[PDB]
Amino acid sequence: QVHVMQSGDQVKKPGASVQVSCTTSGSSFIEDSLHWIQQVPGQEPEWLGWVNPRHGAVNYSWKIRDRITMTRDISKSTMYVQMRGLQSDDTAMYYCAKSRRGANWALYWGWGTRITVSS
Amino acid sequence: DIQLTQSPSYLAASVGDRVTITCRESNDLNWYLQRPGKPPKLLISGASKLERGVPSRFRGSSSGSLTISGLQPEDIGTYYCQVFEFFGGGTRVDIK
Ligand SMILES: *[C@@H]1O[C@H](CO)[C@@H](O[C@@H]2O[C@H](CO)[C@@H](O[C@@H]3O[C@H](CO)[C@@H](O)[C@H](O[C@H]4O[C@H](CO)[C@@H](O)[C@H](O)[C@@H]4O[C@H]4O[C@H](CO)[C@@H](O)[C@H](O)[C@@H]4O)[C@@H]3O)[C@H](O)[C@H]2NC(C)=O)[C@H](O)[C@H]1NC(C)=O
Ligand SMILES: *[C@@H]1O[C@H](CO)[C@@H](O)[C@H](O)[C@H]1NC(C)=O
């Protein structure tokens, strides 16, 4: 019955740093690679990054480098995602995905983080 | 890079009719169900090893394709054929 949870939806002006939090309950946290992905609704999700809580090693994507920061706290088994220099064309939806066995892909999806900006 | 050859994303199946979704490329074949508003749920991982709580009708054609023997209300929604961290093309289903 392992599940994941995340914070609600936030609306703020573009150009401001955004921060979100995720947590996982019911499973071991050290050896499970977490993922953070975003999608424009009715389109193809683009993977943003992944983190390995066992040693904190992170990996990002091609269009998100220098604008992403991933932190993990296996102690409280919670993960923080903070993005700086937010642009206009990022009003999309975000999931904090969790993958079993620390392998690729992901199975458990979050509660639908909605990060939006207005012009 | 790699671009998956996907069949057109439109079907008219309603209830109890074997249809398939083409994702012809290498490998595997990770398929997910996208939910409207609700969080998405993965359907099959590895195209051959079903998990717990998923219907036995869901079958992946190895290095293909999610061949489903029929359509039921609990399996409606967009079907995504993801890969190692790239994606597919997607295929949304509906009942007519
Ligand atoms: C004779 O047999 C019957 C049936 O086989 C026995 O009755 C069953 O007893 C078990 C254990 O007492 C019970 O299972 C629990 O059910 C609870 C309610 O569904 C669950 O909450 C509980 O899970 C917690 O405990 C587990 C450890 O046992 C943990 O692994 C699990 O993660 C849960 O722990 C979380 O929650 C607790 C409390 O909230 C917290 O302290 C933890 O830190 C953690 O956060 C068990 O699954 C069955 O439900 C009983 N079955 C029935 C039908 O009642 C009966 O006990 C046997 N007779 C004797 C004498 O033993
Ligand atoms: C222990 O203290 C350090 C330094 O304050 C802190 O970073 C770490 O999270 C703490 N460990 C625990 C048990 O959370």
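Just so you know, the sequences run in chain order H and L.
Numbered according to the deposited numbering, the first sequence spans residues 1 to 52, 52A, 53 to 82, 82A to 82C, 83 to 100, 100A to 100B, 101 to 113.
Numbered according to the deposited numbering, the second sequence spans residues 1 to 27, 32 to 68, 72 to 91, 96 to 107.
Here a beta-carbon is modelled for each residue, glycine too, at the ideal position from N, C-alpha and C.
key: Contact check, H:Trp50 vs H:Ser33, beta carbons under 7 Å   = Yes.
request  = Please name the residue, chosen from H:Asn52, H:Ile30, H:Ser84 and H:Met89, that lies closest to H:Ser7 on a Cα-to-Cα basis.
outcome  = Here the closest residue by C-alpha is H:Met89.
query = If you compare alpha carbons, which of L:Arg56, L:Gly77 and L:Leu33 is closest to L:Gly68?
reply = L:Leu33
request  = Could you please give the first and the last residue of the uninterrupted beta strand (DSSP E) stretch that includes H:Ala93?
outcome  = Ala88 to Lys94
key: Residue burial classification, H:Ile30 (beta-carbon count within 10 angstroms, cutoff 16)   = exposed
task = Pull out every residue of the segment 36-53 of chain L whose Cβ sits closer than 8 Å to any Cβ of chain H, in chain order.
result = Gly41, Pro43, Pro44, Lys45, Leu46 and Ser49
inquiry  = Do L:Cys23 and L:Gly99 have their beta-carbon atoms positioned less than 7 Å apart in this structure?
reply    = yes
inquiry  = So the candidates are H:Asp72, H:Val40, H:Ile73 and H:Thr107; which of them puts its Cα closest to the Cα of H:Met5?
reply    = H:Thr107
ask   = By a C-beta neighbour count over all protein chains shown, 10 Å radius and 16 as the cutoff for buried, is L:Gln89 buried or exposed?
value = buried
message = Just verifying my parser: in three-state terms, what is the DSSP assignment at L:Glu81?
response = helix
message = Is H:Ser74 near ligand 2 - that is, is its Cβ less than 6 Å away from at least one heavy atom of it?
response = Yes, Cβ of H:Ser74 sits closer than 6 Å to a heavy atom of ligand 2.
query = Looking at L:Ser7 and L:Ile106, is the spacing between their C-beta atoms short of 7 Å?
reply = no
request  = In the DSSP assignment, find the unbroken beta strand (DSSP E) run with H:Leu34 in it and report its ends.
outcome  = Residues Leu34 to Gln39.
ask   = Which two residues bound the contiguous beta strand (DSSP E) that contains L:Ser26?
value = No beta strand (DSSP E) contains L:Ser26, which DSSP labels as neither H nor E.
message = Can you check which of these residues, H:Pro14, H:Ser60, H:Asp65 and H:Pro52A, is closest to H:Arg97 by C-alpha distance?
response = H:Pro52A
7 Å Cβ cut-off: residues of chain H touching L:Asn34 = By Cβ distance, chain H contributes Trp100A.
query = With which residues is H:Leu101 paired in a DSSP beta bridge?
reply = According to DSSP, H:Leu101 bridges with nothing at all.
inquiry  = By the DSSP assignment, the beta strand (DSSP E) with H:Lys62 in it spans what residues?
reply    = Here H:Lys62 belongs to no beta strand (DSSP E), and DSSP marks it neither H nor E.
task = Please list the residues of the segment 16-32 of chain H that have a C-beta atom closer than 9 Å to any C-beta atom in chain L, keeping them in chain order.
result = none
key: Cβ of L:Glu96 within 7 Å of any chain H Cβ   = yes
task = May I ask which residues mark the beginning and end of the beta strand (DSSP E) holding L:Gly57?
result = Here L:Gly57 belongs to no beta strand (DSSP E), and DSSP marks it neither H nor E.
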